[PDB]
Amino acid sequence: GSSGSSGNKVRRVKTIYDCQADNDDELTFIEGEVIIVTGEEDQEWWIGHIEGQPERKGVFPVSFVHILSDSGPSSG
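Dropping the structure here:
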């Protein structure tokens, strides 16, 4: 295992809805937050930590978040 593979990128999303994880494993977030997908569990549930706040890392339902797809290739 070597940290540094040719071609690596994470997935950024935003909590379009609010939620209150009951257990620890589950990540607690609210409408208007960003998550960094690092270890996607399934095609429905992903794993990530609140941007800037790594201390918080738990699985969350992708159906609750929306991948922030920014558009604007043209320069300036």
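Here the authors' numbering is used: the first residue of the sequence shown is 1, the next is one more, and so on.
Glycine included, C-beta positions come from ideal geometry on N, C-alpha and C.
- For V37, same chain residues with a beta-carbon under 8 Å away, outside a window of 5 residues either side, are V10, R11, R12, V13, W46, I47, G48 in chain order.
- Looking only at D25, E33, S63, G76, the smallest Cα-Cα distance to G52 is reached by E33.
- Under the three-state reduction of DSSP, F60 is assigned to strand.
- Taken atom to atom, the span from the alpha-carbon of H66 to that of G1 is near 31 Å.
- Contact between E31 and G58 fails: their C-beta atoms lie close to 17 Å from each other, not under 8 Å.
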